[PDB]
Amino acid sequence: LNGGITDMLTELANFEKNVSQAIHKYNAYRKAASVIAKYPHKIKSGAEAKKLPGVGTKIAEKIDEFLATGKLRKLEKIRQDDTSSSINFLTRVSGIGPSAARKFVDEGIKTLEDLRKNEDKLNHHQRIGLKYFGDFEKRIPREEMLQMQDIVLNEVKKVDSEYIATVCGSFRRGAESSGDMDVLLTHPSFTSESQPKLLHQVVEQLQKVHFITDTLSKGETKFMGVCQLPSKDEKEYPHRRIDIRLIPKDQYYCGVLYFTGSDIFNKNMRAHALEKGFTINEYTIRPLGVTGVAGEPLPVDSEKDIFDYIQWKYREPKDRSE
DNA sequence: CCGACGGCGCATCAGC
DNA sequence: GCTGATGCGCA
DNA sequence: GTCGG
Ligand SMILES: [Mn+2]
Ligand SMILES: [Mn+2]
Ligand code: NA
Ligand code: NA
């Protein structure tokens, strides 16, 4: 339908984030691309698009120019600018953000080949992103996600049967592919009110069976690293990004709910929670008073509990597109 | 006309 | 060595 | 850049 337009808006988004370092305009363009992508008609003018929430005056003007000419002047200028195109490109490596990409380009480091020649100028995270540049841009098919889930759940329970692990993200909504693997971890001994190395023991075991191959960051509640499925002669599996988050048990199911999404679903759930006198964040659900003052967090034993408080019928994850 | 727009865990740095 | 700021990635 | 207050 309008792929030409949504591509243009995505490019602009990427330029605003990576080159202009203007994060709010980045999100404005993404939001416009999202709503347009869902519009069930071929857009004929800026005016028509302007009717959509998130599309404003300036975007409507760009849509008119693109419809008239098949291009944006602004974008063509950005494309044949060497500095902008290289800065934008370098941010594709994990650990290189707008600030580093700009620093590198300023000193004439503009390609993966230039990065490889200057590994001495990269921090640890950046060296890993460079090393697995191609693998990290590959999506993960559902069948491998399930194989990964199996290994994680298994090795987790092998450390302590009391651990609870949940793989969240679009995967839990039954997506046929995932960008990375996001695991939420909890344990009885870990509560809001009060063990020292709970997460470490899980990372250790997954390293032990050679599932986890590299670490980007690690602390007491959050691990970000790299993993790989095992191979038997045949093709080695691509390395994948995995995060593991250790969450206190009394906030675990609020966590699962949050990190399951989708983002659109969370928005309309918070929105309905409010109309019913409740406020839901990533951590707790809490009741509101007449002046809008949140009380103590309510006890939560499962996602359903949360749907009960706000008198909402339980939505199975697969129906949480919104 | 105006400021909001997600907020946080971890790595690294800047200033001292 | 200390602390707080910044960069980064990610629901 | 777009929005609601
Ligand atoms: Mn303003
Ligand atoms: Mn307005
Ligand atoms: Na609009
Ligand atoms: Na990056």
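Hydrogens, waters and symmetry mates are skipped; everything else that's a heavy atom, side chains included, is used. Chain A is the first sequence line, chain B the second, and so forth, proteins listed ahead of strands; every chain is numbered from 1.
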Over all strands shown, is [X] touching base, sugar-phosphate only, or nothing at heavy-atom distances under 4.0 angstrom?
| X | value |
| --- | --- |
| A:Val93 | sugar-phosphate |
| A:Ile96 | sugar-phosphate |
| A:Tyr29 | sugar-phosphate |
| A:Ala100 | sugar-phosphate |

Checklist line | Nucleic acid contacts of residues 252-286 of chain A, taken as heavy-atom distances under 4.0 Å to DNA chain B | finding: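 DNA chain B contact set from residues 252-286 of chain A: A:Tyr258, A:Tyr283.
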Next item on the list: Write down the distance separating the P atoms in C:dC10 and B:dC5, rounded off to the nearest Å.
Entry: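 The same atom, P, in both gives a distance of 23 Å.
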Next item on the list: With P as the reference atom in both, quote the distance from D:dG4 to B:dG6 in angstrom, rounded to an integer.
Entry: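 Rounded to whole Å, the distance is 15 Å.
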Determine, for [X] against [Y], whether the closest basic-nitrogen to carboxylate-oxygen distance falls under 4.0 angstrom.
| X | Y | result |
| --- | --- | --- |
| A:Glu155 | A:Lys208 | no |
| A:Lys197 | A:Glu204 | no |
| A:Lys58 | A:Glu61 | no |
| A:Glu65 | A:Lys74 | no |

Any donor-acceptor pair under 3.5 Å from [X] side chain to [Y] backbone:
| X | Y | result |
| --- | --- | --- |
| A:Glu48 | A:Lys44 | yes |
| A:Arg172 | A:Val167 | no |
| A:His187 | A:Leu199 | no |
| A:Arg240 | A:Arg139 | yes |
| A:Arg173 | A:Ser321 | no |

Between [X] ([atom1]) and [N] ([atom2]), how many Å, whole number?
| X | N | atom1 | atom2 | value |
| --- | --- | --- | --- | --- |
| A:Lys218 | C:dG9 | NZ | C1' | 19 Å |
| A:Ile23 | C:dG9 | CD1 | P | 11 Å |
| A:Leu198 | B:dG9 | CG | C1' | 17 Å |
| A:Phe104 | C:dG7 | CZ | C1' | 12 Å |
| A:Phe136 | C:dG9 | CZ | P | 12 Å |
| A:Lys17 | C:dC8 | NZ | P | 11 Å |
| A:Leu75 | D:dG1 | CG | P | 13 Å |
| A:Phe15 | D:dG1 | CZ | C1' | 14 Å |

Look at the side chain of [X] and decide which nucleotide, out of [options], has an atom nearest to it.
| X | options | answer |
| --- | --- | --- |
| A:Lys222 | B:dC5, C:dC8, B:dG9 | B:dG9 |
| A:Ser217 | B:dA11, C:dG9, D:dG1 | B:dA11 |
| A:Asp182 | C:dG7, C:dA11, D:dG1 | C:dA11 |
| A:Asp243 | C:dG9, C:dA11, D:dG1 | C:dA11 |
| A:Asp180 | D:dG1, C:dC8, C:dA11 | C:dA11 |

Ignoring backbone atoms, test whether [X] places a side-chain nitrogen or oxygen under 4.0 Å from the OP1 or OP2 oxygen of [N].
| X | N | answer |
| --- | --- | --- |
| A:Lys58 | D:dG1 | yes |
| A:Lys25 | D:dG1 | yes |
| A:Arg241 | C:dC10 | yes |

Any protein N or O atoms within reach of nucleotides 3-5 of chain D? Criterion: under 3.5 Å, listing atom names and distances.
unit_1: D:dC3; atom_1: OP1; unit_2: A:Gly54; atom_2: N; d: 2.8

Notebook entry, point to check: Under the side chain to side chain donor-acceptor pair (under 3.5 Å) criterion, do A:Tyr283 and A:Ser192 qualify, and how do the steps go?
Noted result: CA-CA 10 Å; A:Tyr283 307 107; A:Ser192 271; over 6 Å; no
Notebook entry, point to check: Between A:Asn27 and A:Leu216, who's closer to the 5' end of DNA chain B by nearest nucleotide?
Noted result: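 That would be A:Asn27.
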Margin query: Restricting to non-hydrogen atoms, name the atom on A:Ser94 and the atom on A:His125 that form the minimum distance, rounded to 0.1 Å.
Written below: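 Result for this residue pair: OG-NE2, 2.7 Å.
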